[PDB]
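*Asks:*
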Amino acid sequence: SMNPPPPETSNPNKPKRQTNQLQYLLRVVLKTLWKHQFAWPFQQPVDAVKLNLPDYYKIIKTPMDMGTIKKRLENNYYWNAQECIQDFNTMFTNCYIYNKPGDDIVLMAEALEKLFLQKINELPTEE
Ligand SMILES: Cc1cc(-c2cc(CS(C)(=O)=O)cnc2Oc2ccc(F)cc2F)n2cn[nH]c(=O)c12
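Residue numbers (my numbering): 65 to 191.
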């Protein structure tokens, strides 16, 4: 029933990098998703108290959302792009474990996984 604290967006002793792929990720890919008409249920952490889904965090052991992700981008939290790219995979994957296919929240996810996959087919180069 209670919510856990949100995944860390800061960490002083994690190694950090502003790689150019990575700033594509925040500047194009995240904001390409961030403003899609279905981004809202994902712009922050799932709230099992307001939604009254107590079972959520018993099922979902590694929450991700775009809220923490955008922060992590703005926090140079990442070492490269694979890291951030798999913070998206878990965001979706959680939605496909917790819910069952056909659910409206599954729809929107799938919609966003595909645009996300569209915007991360082409990524800029290195310096
Ligand atoms: C990832 C995610 C986000 C929400 C959700 C979030 C918010 C706003 S917040 C973050 O403040 O809680 C409101 N409604 C929600 O549920 C919906 C339920 C029916 C829908 F057609 C559309 C939804 F967005 N979820 C509900 N169930 N399972 C999930 O995995 C899930």
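We put the beta carbon where it would ideally sit given N, CA and C, even for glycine.
Relative to the C-alpha of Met130, which residue among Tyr121, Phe152, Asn144 is closest?
*Replies:* Nearest C-alpha to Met130: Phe152.
*Asks:* Can you give the Cα-Cα distance for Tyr142 and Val93, rounded to whole angstroms?
*Replies:* 15 Å
*Asks:* Could you tell me which of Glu186, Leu179, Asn185 sits nearest to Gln101, measuring between CA atoms?
*Replies:* Answer by Cα proximity: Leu179.
*Asks:* Please go through the same chain and pick out, in chain order, the residues whose beta-carbon is closer than 8 Å to the beta-carbon of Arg81, but skip the five residues on each side of it.
*Replies:* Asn140, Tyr142, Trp143, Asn144
*Asks:* Which same chain residues end up closer than 6 Å to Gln107 when comparing Cβ atoms and leaving out the 5 residues on each side of it in sequence?
*Replies:* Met130, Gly131
*Asks:* Could you tell me which of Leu171, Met172, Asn67, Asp167 sits nearest to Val113, measuring between CA atoms?
*Replies:* Minimum Cα distance to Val113 is reached at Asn67.
*Asks:* When the Cα atoms are used, what is the spatial distance from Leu117 to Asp168?
*Replies:* So the two alpha carbons sit approximately 16 Å from each other.
*Asks:* Using the Cβ count rule (16 or more neighbours within 10 Å means buried), how would you classify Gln85?
*Replies:* Burial call: buried.
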